[PDB]
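Here's final27.pdb, which has PDB, C-alpha atoms:
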MODEL        1
ATOM      1  CA  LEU A 549       0.000   0.000   0.000  1.00  0.00           C
ATOM      2  CA  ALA A 550       3.012   2.295   0.113  1.00  0.00           C
ATOM      3  CA  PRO A 551       2.450   3.368  -3.487  1.00  0.00           C
ATOM      4  CA  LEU A 552      -0.398   5.519  -2.285  1.00  0.00           C
ATOM      5  CA  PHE A 553       1.108   6.244   1.094  1.00  0.00           C
ATOM      6  CA  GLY A 554       3.991   8.339  -0.011  1.00  0.00           C
ATOM      7  CA  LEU A 555       5.147  11.646   1.415  1.00  0.00           C
ATOM      8  CA  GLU A 556       2.254  14.131   1.409  1.00  0.00           C
ATOM      9  CA  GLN A 557      -0.076  11.640   2.976  1.00  0.00           C
ATOM     10  CA  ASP A 558       2.403  10.943   5.694  1.00  0.00           C
ATOM     11  CA  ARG A 559       2.949  14.622   6.460  1.00  0.00           C
ATOM     12  CA  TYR A 560      -0.789  15.255   6.621  1.00  0.00           C
ATOM     13  CA  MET A 561      -1.251  12.327   8.919  1.00  0.00           C
ATOM     14  CA  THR A 562       1.556  13.124  11.273  1.00  0.00           C
ATOM     15  CA  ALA A 563       0.443  16.701  11.367  1.00  0.00           C
ATOM     16  CA  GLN A 564      -3.072  15.808  12.285  1.00  0.00           C
ATOM     17  CA  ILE A 565      -1.588  13.758  15.043  1.00  0.00           C
ATOM     18  CA  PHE A 566       0.432  16.710  16.145  1.00  0.00           C
ATOM     19  CA  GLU A 567      -2.489  19.009  15.578  1.00  0.00           C
ATOM     20  CA  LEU A 568      -4.347  17.017  18.173  1.00  0.00           C
ATOM     21  CA  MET A 569      -1.660  17.495  20.823  1.00  0.00           C
ATOM     22  CA  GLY A 570       1.031  19.912  19.603  1.00  0.00           C
ATOM     23  CA  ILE A 571      -0.554  22.215  17.100  1.00  0.00           C
ATOM     24  CA  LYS A 572       1.675  24.635  15.269  1.00  0.00           C
ATOM     25  CA  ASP A 573       3.826  22.025  13.577  1.00  0.00           C
ATOM     26  CA  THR A 574       4.135  23.978  10.392  1.00  0.00           C
ATOM     27  CA  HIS A 575       7.153  26.071  11.125  1.00  0.00           C
ATOM     28  CA  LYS A 576       9.167  24.692  14.019  1.00  0.00           C
ATOM     29  CA  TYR A 577       8.548  20.979  13.855  1.00  0.00           C
ATOM     30  CA  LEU A 578       7.985  19.699  10.304  1.00  0.00           C
ATOM     31  CA  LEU A 579       9.090  21.473   7.124  1.00  0.00           C
ATOM     32  CA  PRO A 580       6.002  22.418   4.986  1.00  0.00           C
ATOM     33  CA  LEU A 581       5.487  20.133   1.953  1.00  0.00           C
ATOM     34  CA  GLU A 582       5.638  23.098  -0.488  1.00  0.00           C
ATOM     35  CA  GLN A 583       9.352  23.523   0.456  1.00  0.00           C
ATOM     36  CA  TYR A 584      10.391  19.818   1.097  1.00  0.00           C
ATOM     37  CA  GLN A 585      12.219  19.846  -2.282  1.00  0.00           C
ATOM     38  CA  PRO A 586      13.945  16.478  -3.084  1.00  0.00           C
ATOM     39  CA  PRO A 587      17.634  15.991  -2.105  1.00  0.00           C
ATOM     40  CA  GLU A 588      20.497  16.209  -4.635  1.00  0.00           C
ATOM     41  CA  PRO A 589      22.313  12.852  -5.310  1.00  0.00           C
ATOM     42  CA  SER A 590      25.572  12.353  -3.327  1.00  0.00           C
ATOM     43  CA  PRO A 591      29.072  12.010  -4.891  1.00  0.00           C
ATOM     44  CA  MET A 592      29.046   8.412  -3.498  1.00  0.00           C
ATOM     45  CA  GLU A 593      25.746   7.683  -5.303  1.00  0.00           C
ATOM     46  CA  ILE A 594      26.934   9.273  -8.601  1.00  0.00           C
ATOM     47  CA  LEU A 595      30.434   7.678  -8.736  1.00  0.00           C
ATOM     48  CA  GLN A 596      28.991   4.212  -8.001  1.00  0.00           C
ATOM     49  CA  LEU A 597      26.402   4.680 -10.773  1.00  0.00           C
ATOM     50  CA  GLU A 598      29.048   5.596 -13.407  1.00  0.00           C
TER
ATOM     51  CA  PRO B  51     -26.456  36.855  71.782  1.00  0.00           C
ATOM     52  CA  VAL B  52     -29.874  36.117  73.299  1.00  0.00           C
ATOM     53  CA  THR B  53     -29.602  36.477  77.154  1.00  0.00           C
ATOM     54  CA  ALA B  54     -26.780  36.378  79.763  1.00  0.00           C
ATOM     55  CA  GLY B  55     -27.654  32.928  81.249  1.00  0.00           C
ATOM     56  CA  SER B  56     -28.208  31.280  77.817  1.00  0.00           C
ATOM     57  CA  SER B  57     -24.484  30.753  76.945  1.00  0.00           C
ATOM     58  CA  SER B  58     -25.024  31.996  73.358  1.00  0.00           C
ATOM     59  CA  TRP B  59     -22.195  30.194  71.534  1.00  0.00           C
ATOM     60  CA  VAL B  60     -22.611  30.165  67.691  1.00  0.00           C
ATOM     61  CA  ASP B  61     -21.871  27.422  65.114  1.00  0.00           C
ATOM     62  CA  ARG B  62     -19.748  28.202  62.000  1.00  0.00           C
ATOM     63  CA  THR B  63     -21.221  26.306  59.137  1.00  0.00           C
ATOM     64  CA  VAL B  64     -21.313  28.901  56.355  1.00  0.00           C
ATOM     65  CA  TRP B  65     -17.706  29.686  57.337  1.00  0.00           C
ATOM     66  CA  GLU B  66     -16.293  26.124  57.409  1.00  0.00           C
ATOM     67  CA  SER B  67     -18.337  25.616  54.170  1.00  0.00           C
ATOM     68  CA  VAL B  68     -17.076  28.663  52.215  1.00  0.00           C
ATOM     69  CA  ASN B  69     -13.468  28.169  53.056  1.00  0.00           C
ATOM     70  CA  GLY B  70     -14.204  24.605  51.841  1.00  0.00           C
ATOM     71  CA  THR B  71     -15.386  25.453  48.370  1.00  0.00           C
ATOM     72  CA  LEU B  72     -12.856  28.335  48.223  1.00  0.00           C
ATOM     73  CA  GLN B  73     -10.056  25.916  48.950  1.00  0.00           C
ATOM     74  CA  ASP B  74     -11.188  23.976  45.908  1.00  0.00           C
ATOM     75  CA  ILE B  75     -11.807  26.911  43.498  1.00  0.00           C
ATOM     76  CA  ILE B  76      -8.280  28.193  44.238  1.00  0.00           C
ATOM     77  CA  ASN B  77      -6.821  24.710  43.861  1.00  0.00           C
ATOM     78  CA  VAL B  78      -8.445  24.463  40.422  1.00  0.00           C
ATOM     79  CA  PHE B  79      -7.931  27.921  38.816  1.00  0.00           C
ATOM     80  CA  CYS B  80      -4.931  29.582  40.567  1.00  0.00           C
ATOM     81  CA  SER B  81      -2.744  26.468  40.943  1.00  0.00           C
ATOM     82  CA  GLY B  82      -1.108  26.329  37.618  1.00  0.00           C
ATOM     83  CA  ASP B  83       1.975  27.959  36.259  1.00  0.00           C
ATOM     84  CA  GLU B  84      -0.478  29.803  34.064  1.00  0.00           C
ATOM     85  CA  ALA B  85      -4.107  30.863  34.034  1.00  0.00           C
ATOM     86  CA  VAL B  86      -5.031  30.161  30.360  1.00  0.00           C
ATOM     87  CA  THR B  87      -3.648  29.057  27.017  1.00  0.00           C
ATOM     88  CA  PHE B  88      -5.217  30.005  23.731  1.00  0.00           C
ATOM     89  CA  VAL B  89      -5.446  27.489  20.919  1.00  0.00           C
ATOM     90  CA  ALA B  90      -6.101  27.931  17.210  1.00  0.00           C
ATOM     91  CA  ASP B  91      -8.049  25.904  14.682  1.00  0.00           C
ATOM     92  CA  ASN B  92      -5.436  26.290  11.969  1.00  0.00           C
ATOM     93  CA  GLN B  93      -1.669  26.301  11.604  1.00  0.00           C
ATOM     94  CA  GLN B  94      -2.261  29.639   9.865  1.00  0.00           C
ATOM     95  CA  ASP B  95      -2.615  31.381  13.234  1.00  0.00           C
ATOM     96  CA  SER B  96      -1.020  28.906  15.655  1.00  0.00           C
ATOM     97  CA  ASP B  97       1.944  31.289  15.815  1.00  0.00           C
ATOM     98  CA  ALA B  98      -0.293  33.966  17.376  1.00  0.00           C
ATOM     99  CA  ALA B  99      -1.999  32.002  20.142  1.00  0.00           C
ATOM    100  CA  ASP B 100       1.326  31.721  21.893  1.00  0.00           C
TER
ATOM    101  CA  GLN C 499      13.835  34.371  17.803  1.00  0.00           C
ATOM    102  CA  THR C 500      14.493  33.568  14.098  1.00  0.00           C
ATOM    103  CA  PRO C 501      16.177  37.052  13.873  1.00  0.00           C
ATOM    104  CA  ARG C 502      15.872  37.391  17.745  1.00  0.00           C
ATOM    105  CA  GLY C 503      14.227  40.878  18.192  1.00  0.00           C
ATOM    106  CA  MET C 504      10.816  42.496  19.054  1.00  0.00           C
ATOM    107  CA  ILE C 505       8.446  42.380  15.994  1.00  0.00           C
ATOM    108  CA  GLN C 506       5.903  45.250  16.606  1.00  0.00           C
ATOM    109  CA  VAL C 507       2.892  43.027  15.567  1.00  0.00           C
ATOM    110  CA  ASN C 508       0.130  45.490  14.660  1.00  0.00           C
ATOM    111  CA  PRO C 509      -2.414  43.982  17.118  1.00  0.00           C
ATOM    112  CA  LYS C 510      -5.279  44.520  14.756  1.00  0.00           C
ATOM    113  CA  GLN C 511      -3.545  41.938  12.614  1.00  0.00           C
ATOM    114  CA  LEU C 512      -4.631  39.301  15.078  1.00  0.00           C
ATOM    115  CA  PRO C 513      -7.437  36.789  14.593  1.00  0.00           C
ATOM    116  CA  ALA C 514     -10.900  36.732  16.057  1.00  0.00           C
ATOM    117  CA  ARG C 515     -12.417  34.799  18.919  1.00  0.00           C
ATOM    118  CA  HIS C 516     -14.343  32.878  16.328  1.00  0.00           C
ATOM    119  CA  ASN C 517     -11.251  30.924  15.462  1.00  0.00           C
ATOM    120  CA  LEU C 518      -9.890  30.638  18.977  1.00  0.00           C
ATOM    121  CA  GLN C 519     -10.631  27.976  21.513  1.00  0.00           C
ATOM    122  CA  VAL C 520      -9.645  28.894  25.094  1.00  0.00           C
ATOM    123  CA  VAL C 521      -8.782  26.556  27.991  1.00  0.00           C
ATOM    124  CA  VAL C 522      -8.502  27.322  31.693  1.00  0.00           C
ATOM    125  CA  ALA C 523      -7.426  25.313  34.787  1.00  0.00           C
ATOM    126  CA  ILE C 524      -4.174  23.964  33.422  1.00  0.00           C
ATOM    127  CA  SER C 525      -2.269  21.335  35.302  1.00  0.00           C
ATOM    128  CA  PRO C 526       0.853  22.780  36.946  1.00  0.00           C
ATOM    129  CA  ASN C 527       2.910  20.185  35.134  1.00  0.00           C
ATOM    130  CA  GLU C 528       1.509  20.295  31.629  1.00  0.00           C
ATOM    131  CA  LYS C 529       5.051  21.002  30.590  1.00  0.00           C
ATOM    132  CA  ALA C 530       6.326  17.550  31.383  1.00  0.00           C
ATOM    133  CA  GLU C 531       3.475  15.817  29.584  1.00  0.00           C
ATOM    134  CA  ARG C 532       3.826  18.018  26.548  1.00  0.00           C
ATOM    135  CA  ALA C 533       7.513  17.124  26.578  1.00  0.00           C
ATOM    136  CA  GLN C 534       6.837  13.396  26.727  1.00  0.00           C
ATOM    137  CA  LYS C 535       4.295  13.772  23.935  1.00  0.00           C
ATOM    138  CA  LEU C 536       7.013  15.498  21.933  1.00  0.00           C
ATOM    139  CA  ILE C 537       9.668  12.855  22.526  1.00  0.00           C
ATOM    140  CA  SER C 538       7.154  10.157  21.605  1.00  0.00           C
ATOM    141  CA  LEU C 539       6.285  12.056  18.438  1.00  0.00           C
ATOM    142  CA  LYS C 540      10.036  12.226  17.882  1.00  0.00           C
ATOM    143  CA  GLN C 541      10.718   8.551  18.207  1.00  0.00           C
ATOM    144  CA  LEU C 542       7.838   8.052  15.793  1.00  0.00           C
ATOM    145  CA  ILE C 543       8.928  10.585  13.167  1.00  0.00           C
ATOM    146  CA  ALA C 544      12.413   9.070  13.343  1.00  0.00           C
ATOM    147  CA  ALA C 545      10.960   5.594  12.856  1.00  0.00           C
ATOM    148  CA  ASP C 546       9.727   6.569   9.376  1.00  0.00           C
ATOM    149  CA  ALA C 547      12.328   7.810   6.917  1.00  0.00           C
ATOM    150  CA  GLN C 548       9.756   8.984   4.364  1.00  0.00           C
TER
ENDMDL
END
I'd like the structure from this file rewritten - as structure tokens, please.
Amino acid sequence: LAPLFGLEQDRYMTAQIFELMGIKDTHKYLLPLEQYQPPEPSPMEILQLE
Amino acid sequence: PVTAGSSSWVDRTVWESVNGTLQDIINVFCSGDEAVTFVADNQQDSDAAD
Amino acid sequence: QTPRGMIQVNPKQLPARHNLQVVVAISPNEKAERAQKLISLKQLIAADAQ
């Protein structure tokens, strides 16, 4: 079921959770999805690929 | 204080009752580190409640 | 704290009561429980790499 349950879903979920107990997650706790831009590949990843 | 021979002592229900309920109101509302904490419905304004 | 320095928040900029839930009669130790909630949330969020 992971294929559906990716990133956004997870963040929403977790948030909700938080939002029940610790509210303002947005900006001190968990980076907002709009800005959670994917990581650049490492030199170790790249050199092993080539 | 009805008459000199009557030994007009007076009971203190009312007083032992008030201090009772007062004991508990203070224990409940003035006990905490704080009086109140606001809470928001949205992460949009969570940063203001504080 | 982000720049660490009084932001003169035009108060009128604030939200309305409409949006605001208030609570009273806080436990003197709400701190500790909030903290344990946070560390539990932390173990959790660490558990999932996504």
Would you translate the ChimeraX specification (/B :<8) & /C into the concrete set of residues it matches in this file, as a PyMOL selection string? chain C and resi 512-513+517-527
Keeping only C-alpha atoms, take the residues you just selected and write them out as a PDB file, in the coordinates of the input.
ATOM      1  CA  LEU C 512      -4.631  39.301  15.078  1.00  0.00           C
ATOM      2  CA  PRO C 513      -7.437  36.789  14.593  1.00  0.00           C
ATOM      3  CA  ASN C 517     -11.251  30.924  15.462  1.00  0.00           C
ATOM      4  CA  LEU C 518      -9.890  30.638  18.977  1.00  0.00           C
ATOM      5  CA  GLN C 519     -10.631  27.976  21.513  1.00  0.00           C
ATOM      6  CA  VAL C 520      -9.645  28.894  25.094  1.00  0.00           C
ATOM      7  CA  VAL C 521      -8.782  26.556  27.991  1.00  0.00           C
ATOM      8  CA  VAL C 522      -8.502  27.322  31.693  1.00  0.00           C
ATOM      9  CA  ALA C 523      -7.426  25.313  34.787  1.00  0.00           C
ATOM     10  CA  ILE C 524      -4.174  23.964  33.422  1.00  0.00           C
ATOM     11  CA  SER C 525      -2.269  21.335  35.302  1.00  0.00           C
ATOM     12  CA  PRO C 526       0.853  22.780  36.946  1.00  0.00           C
ATOM     13  CA  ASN C 527       2.910  20.185  35.134  1.00  0.00           C
TER      14      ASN C 527
END
Check every residue of chain C for an atom within 10 Å of chain A, counting all atoms listed in the file, and provide those that qualify as a list in words. residues 532, 533, 535, 536, 539, 540, 542, 543, 546, 547 and 548 of chain C
Decode the ChimeraX specification (/B :<10) & /A for the given file into explicit residues and return them as number ranges by chain. A: 563, 567, 571-576
One number please: atom CA of residue 560 of chain A to atom CA of residue 581 of chain A, in Å, one decimal.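 Separation of atom CA of residue 560 of chain A and atom CA of residue 581 of chain A: 9.2 Å.
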For the atom pair atom CA of residue 51 of chain B and atom CA of residue 66 of chain B, what is the interatomic distance in Å to one decimal place?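 Spanning atom CA of residue 51 of chain B to atom CA of residue 66 of chain B is a straight-line distance of 20.6 Å.
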File contents for segment 513-543 of chain C with N, CA, C and O atoms as a PDB file, in the first residue's frame:
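Below you can see selection-v8.pdb, which holds the result:
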ATOM      1  N   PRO C 513      -6.184  37.420  14.925  1.00  0.00           N
ATOM      2  CA  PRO C 513      -7.437  36.789  14.593  1.00  0.00           C
ATOM      3  C   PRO C 513      -8.572  37.165  15.495  1.00  0.00           C
ATOM      4  O   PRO C 513      -8.417  37.975  16.413  1.00  0.00           O
ATOM      5  N   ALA C 514      -9.712  36.590  15.319  1.00  0.00           N
ATOM      6  CA  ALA C 514     -10.900  36.732  16.057  1.00  0.00           C
ATOM      7  C   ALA C 514     -11.158  35.594  17.008  1.00  0.00           C
ATOM      8  O   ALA C 514     -10.633  34.492  16.823  1.00  0.00           O
ATOM      9  N   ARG C 515     -11.969  35.769  17.996  1.00  0.00           N
ATOM     10  CA  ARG C 515     -12.417  34.799  18.919  1.00  0.00           C
ATOM     11  C   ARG C 515     -13.063  33.629  18.237  1.00  0.00           C
ATOM     12  O   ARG C 515     -13.007  32.486  18.706  1.00  0.00           O
ATOM     13  N   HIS C 516     -13.728  33.843  17.148  1.00  0.00           N
ATOM     14  CA  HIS C 516     -14.343  32.878  16.328  1.00  0.00           C
ATOM     15  C   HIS C 516     -13.476  31.666  16.159  1.00  0.00           C
ATOM     16  O   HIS C 516     -13.894  30.517  16.339  1.00  0.00           O
ATOM     17  N   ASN C 517     -12.255  31.850  15.798  1.00  0.00           N
ATOM     18  CA  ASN C 517     -11.251  30.924  15.462  1.00  0.00           C
ATOM     19  C   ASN C 517     -10.510  30.334  16.626  1.00  0.00           C
ATOM     20  O   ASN C 517      -9.769  29.358  16.468  1.00  0.00           O
ATOM     21  N   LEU C 518     -10.608  30.880  17.788  1.00  0.00           N
ATOM     22  CA  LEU C 518      -9.890  30.638  18.977  1.00  0.00           C
ATOM     23  C   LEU C 518     -10.673  29.853  19.987  1.00  0.00           C
ATOM     24  O   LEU C 518     -11.685  30.368  20.473  1.00  0.00           O
ATOM     25  N   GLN C 519     -10.286  28.686  20.354  1.00  0.00           N
ATOM     26  CA  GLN C 519     -10.631  27.976  21.513  1.00  0.00           C
ATOM     27  C   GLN C 519      -9.807  28.442  22.677  1.00  0.00           C
ATOM     28  O   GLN C 519      -8.596  28.623  22.522  1.00  0.00           O
ATOM     29  N   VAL C 520     -10.392  28.605  23.864  1.00  0.00           N
ATOM     30  CA  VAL C 520      -9.645  28.894  25.094  1.00  0.00           C
ATOM     31  C   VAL C 520      -9.824  27.783  26.115  1.00  0.00           C
ATOM     32  O   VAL C 520     -10.907  27.213  26.236  1.00  0.00           O
ATOM     33  N   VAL C 521      -8.762  27.474  26.851  1.00  0.00           N
ATOM     34  CA  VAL C 521      -8.782  26.556  27.991  1.00  0.00           C
ATOM     35  C   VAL C 521      -8.240  27.245  29.223  1.00  0.00           C
ATOM     36  O   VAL C 521      -7.395  28.131  29.161  1.00  0.00           O
ATOM     37  N   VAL C 522      -8.747  26.803  30.357  1.00  0.00           N
ATOM     38  CA  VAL C 522      -8.502  27.322  31.693  1.00  0.00           C
ATOM     39  C   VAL C 522      -8.269  26.131  32.622  1.00  0.00           C
ATOM     40  O   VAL C 522      -8.605  25.002  32.271  1.00  0.00           O
ATOM     41  N   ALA C 523      -7.695  26.353  33.800  1.00  0.00           N
ATOM     42  CA  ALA C 523      -7.426  25.313  34.787  1.00  0.00           C
ATOM     43  C   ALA C 523      -6.514  24.201  34.240  1.00  0.00           C
ATOM     44  O   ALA C 523      -6.839  23.017  34.180  1.00  0.00           O
ATOM     45  N   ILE C 524      -5.343  24.642  33.813  1.00  0.00           N
ATOM     46  CA  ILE C 524      -4.174  23.964  33.422  1.00  0.00           C
ATOM     47  C   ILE C 524      -3.588  23.202  34.580  1.00  0.00           C
ATOM     48  O   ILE C 524      -3.607  23.685  35.718  1.00  0.00           O
ATOM     49  N   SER C 525      -3.038  22.063  34.381  1.00  0.00           N
ATOM     50  CA  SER C 525      -2.269  21.335  35.302  1.00  0.00           C
ATOM     51  C   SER C 525      -0.937  22.005  35.514  1.00  0.00           C
ATOM     52  O   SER C 525      -0.324  22.412  34.519  1.00  0.00           O
ATOM     53  N   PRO C 526      -0.422  22.124  36.739  1.00  0.00           N
ATOM     54  CA  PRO C 526       0.853  22.780  36.946  1.00  0.00           C
ATOM     55  C   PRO C 526       2.011  22.191  36.213  1.00  0.00           C
ATOM     56  O   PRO C 526       3.069  22.821  36.103  1.00  0.00           O
ATOM     57  N   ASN C 527       1.918  21.000  35.722  1.00  0.00           N
ATOM     58  CA  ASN C 527       2.910  20.185  35.134  1.00  0.00           C
ATOM     59  C   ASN C 527       2.675  19.824  33.692  1.00  0.00           C
ATOM     60  O   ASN C 527       3.294  18.889  33.175  1.00  0.00           O
ATOM     61  N   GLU C 528       1.795  20.466  32.998  1.00  0.00           N
ATOM     62  CA  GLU C 528       1.509  20.295  31.629  1.00  0.00           C
ATOM     63  C   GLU C 528       2.752  20.278  30.785  1.00  0.00           C
ATOM     64  O   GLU C 528       2.801  19.667  29.713  1.00  0.00           O
ATOM     65  N   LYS C 529       3.777  20.951  31.188  1.00  0.00           N
ATOM     66  CA  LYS C 529       5.051  21.002  30.590  1.00  0.00           C
ATOM     67  C   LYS C 529       5.613  19.627  30.362  1.00  0.00           C
ATOM     68  O   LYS C 529       6.000  19.240  29.255  1.00  0.00           O
ATOM     69  N   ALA C 530       5.694  18.861  31.449  1.00  0.00           N
ATOM     70  CA  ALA C 530       6.326  17.550  31.383  1.00  0.00           C
ATOM     71  C   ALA C 530       5.585  16.625  30.429  1.00  0.00           C
ATOM     72  O   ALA C 530       6.203  15.882  29.656  1.00  0.00           O
ATOM     73  N   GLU C 531       4.294  16.609  30.419  1.00  0.00           N
ATOM     74  CA  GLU C 531       3.475  15.817  29.584  1.00  0.00           C
ATOM     75  C   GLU C 531       3.571  16.222  28.141  1.00  0.00           C
ATOM     76  O   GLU C 531       3.634  15.385  27.236  1.00  0.00           O
ATOM     77  N   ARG C 532       3.561  17.532  27.897  1.00  0.00           N
ATOM     78  CA  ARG C 532       3.826  18.018  26.548  1.00  0.00           C
ATOM     79  C   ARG C 532       5.181  17.530  26.064  1.00  0.00           C
ATOM     80  O   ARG C 532       5.341  17.126  24.907  1.00  0.00           O
ATOM     81  N   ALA C 533       6.172  17.548  26.952  1.00  0.00           N
ATOM     82  CA  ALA C 533       7.513  17.124  26.578  1.00  0.00           C
ATOM     83  C   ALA C 533       7.540  15.646  26.223  1.00  0.00           C
ATOM     84  O   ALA C 533       8.178  15.244  25.246  1.00  0.00           O
ATOM     85  N   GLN C 534       6.875  14.820  27.026  1.00  0.00           N
ATOM     86  CA  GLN C 534       6.837  13.396  26.727  1.00  0.00           C
ATOM     87  C   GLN C 534       6.058  13.122  25.448  1.00  0.00           C
ATOM     88  O   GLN C 534       6.442  12.248  24.661  1.00  0.00           O
ATOM     89  N   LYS C 535       4.978  13.862  25.217  1.00  0.00           N
ATOM     90  CA  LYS C 535       4.295  13.772  23.935  1.00  0.00           C
ATOM     91  C   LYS C 535       5.251  14.087  22.799  1.00  0.00           C
ATOM     92  O   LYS C 535       5.247  13.412  21.764  1.00  0.00           O
ATOM     93  N   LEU C 536       6.090  15.104  22.985  1.00  0.00           N
ATOM     94  CA  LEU C 536       7.013  15.498  21.933  1.00  0.00           C
ATOM     95  C   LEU C 536       8.055  14.423  21.679  1.00  0.00           C
ATOM     96  O   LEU C 536       8.352  14.104  20.527  1.00  0.00           O
ATOM     97  N   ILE C 537       8.634  13.860  22.738  1.00  0.00           N
ATOM     98  CA  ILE C 537       9.668  12.855  22.526  1.00  0.00           C
ATOM     99  C   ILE C 537       9.066  11.595  21.923  1.00  0.00           C
ATOM    100  O   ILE C 537       9.723  10.899  21.141  1.00  0.00           O
ATOM    101  N   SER C 538       7.816  11.279  22.258  1.00  0.00           N
ATOM    102  CA  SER C 538       7.154  10.157  21.605  1.00  0.00           C
ATOM    103  C   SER C 538       6.953  10.447  20.126  1.00  0.00           C
ATOM    104  O   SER C 538       7.273   9.618  19.261  1.00  0.00           O
ATOM    105  N   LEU C 539       6.411  11.626  19.822  1.00  0.00           N
ATOM    106  CA  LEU C 539       6.285  12.056  18.438  1.00  0.00           C
ATOM    107  C   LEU C 539       7.625  11.975  17.722  1.00  0.00           C
ATOM    108  O   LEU C 539       7.683  11.683  16.525  1.00  0.00           O
ATOM    109  N   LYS C 540       8.714  12.193  18.378  1.00  0.00           N
ATOM    110  CA  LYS C 540      10.036  12.226  17.882  1.00  0.00           C
ATOM    111  C   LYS C 540      10.555  10.857  17.542  1.00  0.00           C
ATOM    112  O   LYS C 540      11.094  10.597  16.460  1.00  0.00           O
ATOM    113  N   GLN C 541      10.418   9.946  18.500  1.00  0.00           N
ATOM    114  CA  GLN C 541      10.718   8.551  18.207  1.00  0.00           C
ATOM    115  C   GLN C 541       9.941   8.091  16.986  1.00  0.00           C
ATOM    116  O   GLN C 541      10.493   7.445  16.088  1.00  0.00           O
ATOM    117  N   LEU C 542       8.660   8.444  16.929  1.00  0.00           N
ATOM    118  CA  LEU C 542       7.838   8.052  15.793  1.00  0.00           C
ATOM    119  C   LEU C 542       8.394   8.616  14.492  1.00  0.00           C
ATOM    120  O   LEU C 542       8.760   7.865  13.582  1.00  0.00           O
ATOM    121  N   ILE C 543       8.462   9.944  14.386  1.00  0.00           N
ATOM    122  CA  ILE C 543       8.928  10.585  13.167  1.00  0.00           C
ATOM    123  C   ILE C 543      10.297  10.071  12.748  1.00  0.00           C
ATOM    124  O   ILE C 543      10.601  10.034  11.552  1.00  0.00           O
TER     125      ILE C 543
END
